């Protein structure tokens, strides 16, 4: 039990390593261009994945990329799917166990020709098989509770890539939050 802090932190370092290993410059560049070209971004993440979706929407919105975050399925998610536009981007955060509403949101968007992106735990997972853009992270926990550190690091990379691409837009939003 006295080893539990070193085990936990060592494990999160391996999560970052497996994630860095599986990070592809081409996949990152294409995911970043899709985020920037969208007129509106929808991020869906439920259960364990909700915190990653909340982090990604905060980060996008903070950079001037208008984003809706949905952390529950049901009727609200169904009506969003019913109102999708070809200029939207649907990002699903979905890892094992794959909660069906997120996978269904990617499948519904894909069917309607709407660009899709999956932040997932395997390059052949159900959301990976559907989505146009796939980013993979390790999620291993020392016990049953998973760790979102690898998913959060992919979000950190995405935000850093956008901020370098469009610094004026990001600085402008920053000027308004600095005022509050």
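Numbering follows the first chain given and starts at 1.
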Given 11 to 19 and 162 to 170, the range whose Cα B-factors average higher in the PDB entry = 162 to 170
Given 142 to 150 and 49 to 57, the range whose Cα B-factors average higher in the PDB entry | 142 to 150
Going by the entry, which third of its chain does the Cα temperature factor of residue 81 land in?
-> lowest
Give the position of residue 94 by CA B-factor within its chain, expressed as the lowest, middle or highest third.
-> lowest
Going by the recorded CA B-factors, say which third of the chain residue 88 sits in, lowest, middle or highest.
-> lowest
Among the chain's modelled residues, which third holds the C-alpha B-factor of residue 27?
-> highest
Considering only modelled residues of the same chain, in which third does the CA B-factor of residue 63 rank: lowest, middle or highest?
-> highest
